[PDB]
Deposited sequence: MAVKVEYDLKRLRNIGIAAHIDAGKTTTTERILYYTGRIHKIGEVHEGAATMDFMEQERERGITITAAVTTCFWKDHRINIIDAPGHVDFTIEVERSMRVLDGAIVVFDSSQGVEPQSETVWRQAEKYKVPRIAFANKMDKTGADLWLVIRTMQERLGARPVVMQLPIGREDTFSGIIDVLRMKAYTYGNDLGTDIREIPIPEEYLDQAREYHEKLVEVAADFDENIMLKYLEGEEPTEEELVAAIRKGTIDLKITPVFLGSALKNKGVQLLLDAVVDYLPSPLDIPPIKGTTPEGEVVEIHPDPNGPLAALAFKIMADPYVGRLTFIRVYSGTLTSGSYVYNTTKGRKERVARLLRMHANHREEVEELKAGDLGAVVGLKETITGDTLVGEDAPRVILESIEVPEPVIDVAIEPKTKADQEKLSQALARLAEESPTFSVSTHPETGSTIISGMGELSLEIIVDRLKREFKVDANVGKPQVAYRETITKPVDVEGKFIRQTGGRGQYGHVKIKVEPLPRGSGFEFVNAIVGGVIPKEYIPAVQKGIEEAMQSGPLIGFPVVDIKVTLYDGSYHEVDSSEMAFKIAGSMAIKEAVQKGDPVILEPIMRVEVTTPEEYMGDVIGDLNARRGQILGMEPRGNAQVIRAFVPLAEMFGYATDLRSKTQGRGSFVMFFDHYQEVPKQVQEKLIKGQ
């Protein structure tokens, strides 16, 4: 174990770019030494390359636009960004890129599919400059083109490589062929010129015409990469097994260890925000980031250790839940087998066996360690509903729309992870003026007399105040044995209101009068009496509809910046602010959830596919008269 030799990485790309085949070839090359039909299912997979441990953190999720991604991004240290060489940086690659600096994560690029017709390194470079404002450094040059792509020039070390087959079984270092020498020389000088910006010493040699050392140049490019200022570009063909080992070399060379990235923050008991340094002999602090029901050992919990050491066969403490846990065994997942380990130290990742109450996002500490918390406990709201009848916001409930069960969540595509219904907004209903009404069920039904009679007062309560019920009955006017029945009825009717059928929310109900019959009264009669009363009260109380208003962040290139604002205002929005993020602009806005349906598509049609958005429930508000009348 040595912290400097760890490379915690994620591979990021468009859906067609080659993330999976680049991953699997990586696992191939890394596992040849010493060491059924599946798509690699393991949140973190460990492997070895030139005396370094590479932990590949997978981010499957789904549509990868979710806020779930930031956990994946906080658990890894660096990224390889994979471009498809025919296209340059792609609309989503532009968003995928936009996520990475949104999280201060050092990245290298991999210009993939260099074998495919259209493949052009230069189109990748120029578009990274123009669209992403990236400052790419040309680290490699291709030998041949498309179908003739056969070799790669390393312009840092001025070496070339040629590939005999497409199988990854024949690699040979070769001299830079003569017709690429001028270009190679020219791009070497450019790379020295970049490196000179990060090392005074190198600038001087550049001016004097002295060649710097491999070590210096690698260091200077490493500095700039980690400092987020440059992006070394590498190229190849994962499918035709060319460029992959040189990519792995670049992971070691330029990507950060856990010491190279600023440390994670924690909230202590006393409430302060403290930094936590990767010290293995410090107290234990770990974060769970995915749970898997694997067959062989049952519930697995994957963790990243930030400080201290997690030991097999000991007790830990879950600070997010306030609970003892027994770590029965610790495991690592390799490409073909699982390994039982005695411990897991700071800066490392693995899986734990035997945990019971630990969910993803939860903090684990040593038994006598400081009780710190790493991820804000915020528990979001249930704003969308889906009738899916043919705990992390896949909540399941049963109420109105008899014989239909619902899956409530938030974020159109974001709640859609379990998903035969269509997405509906969670409207509420309330009154705007106090009323005073009666409920009366006086009937001959079911072999006997039935009689219930309640009078209630109903007021609206400040927005968000909830429900209040008061019983102001005097001298058994309604017999005491029946009050629970009438409460029960009031509650039942408040589940479905008068305008559109949704729960009633911010009202105060006061039961103040009524009457009964000495033989004919019963619990059933007073239940219905109360239910009748509240229905009438909500109709008479000049009722209004409350919709949820979302907080929205849209990131868009400046040229479309006028067209998006136009569109947001057409969606009954209010434009709150606008602060830049790279050569992009982020527009914050309030907008109704009713107006955000299929927004991902309109934004991409008004933005040439390069803009994206995130969304959060903020508050309930009334619909204007127009929208209410129309909501029928």
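Numbering the deposited sequence from 1, one finds several regions with no C-alpha coordinates, namely 1 to 6, 42 to 60, 416 to 434, 464 to 475, 689 to 691.
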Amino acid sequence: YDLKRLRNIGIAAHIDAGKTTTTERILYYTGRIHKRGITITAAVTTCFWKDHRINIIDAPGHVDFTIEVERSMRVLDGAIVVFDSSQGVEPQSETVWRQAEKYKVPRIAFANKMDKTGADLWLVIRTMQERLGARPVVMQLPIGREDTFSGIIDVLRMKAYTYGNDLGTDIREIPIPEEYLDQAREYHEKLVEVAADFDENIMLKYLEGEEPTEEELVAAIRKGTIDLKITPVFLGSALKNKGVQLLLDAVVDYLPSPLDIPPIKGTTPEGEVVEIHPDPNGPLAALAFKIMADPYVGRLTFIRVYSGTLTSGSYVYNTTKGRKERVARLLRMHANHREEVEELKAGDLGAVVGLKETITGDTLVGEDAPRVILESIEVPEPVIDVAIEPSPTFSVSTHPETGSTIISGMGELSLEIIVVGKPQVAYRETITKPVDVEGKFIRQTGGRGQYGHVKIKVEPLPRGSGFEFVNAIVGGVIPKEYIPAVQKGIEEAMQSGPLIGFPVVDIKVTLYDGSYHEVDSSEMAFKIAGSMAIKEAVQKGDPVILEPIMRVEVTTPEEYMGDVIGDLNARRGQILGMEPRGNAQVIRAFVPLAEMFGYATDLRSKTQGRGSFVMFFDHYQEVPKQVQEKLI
From here on, numbers count along this sequence of modelled residues.
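Comparing 404 to 412 with 179 to 187, the higher mean C-alpha B-factor in the PDB entry belongs to 404 to 412. Taking the mean C-alpha B-factor of each stretch as recorded, 70 to 78 and 238 to 246 are not equal, and the higher mean is that of 70 to 78. Looking only at 225, 395, 432, 522, the residue with the top Cα B factor in the deposited structure is 395. The top Cα temperature factor in the record, among 598, 582, 566, 31, falls on 598.
When the CA B factors of the chain's modelled residues are split into thirds, the value for residue 7 lands in the lowest one. Ranked within its chain, residue 572 lands in the lowest third, by CA B factor from the PDB record. Sorting the modelled residues of the chain by their CA temperature factor places residue 65 in the highest third. In the deposited entry, the Cα temperature factor of residue 475 sits in the top third of values across the chain's modelled residues.
Per-chain ranking of the deposited C-alpha B factor places residue 38 in the highest third.
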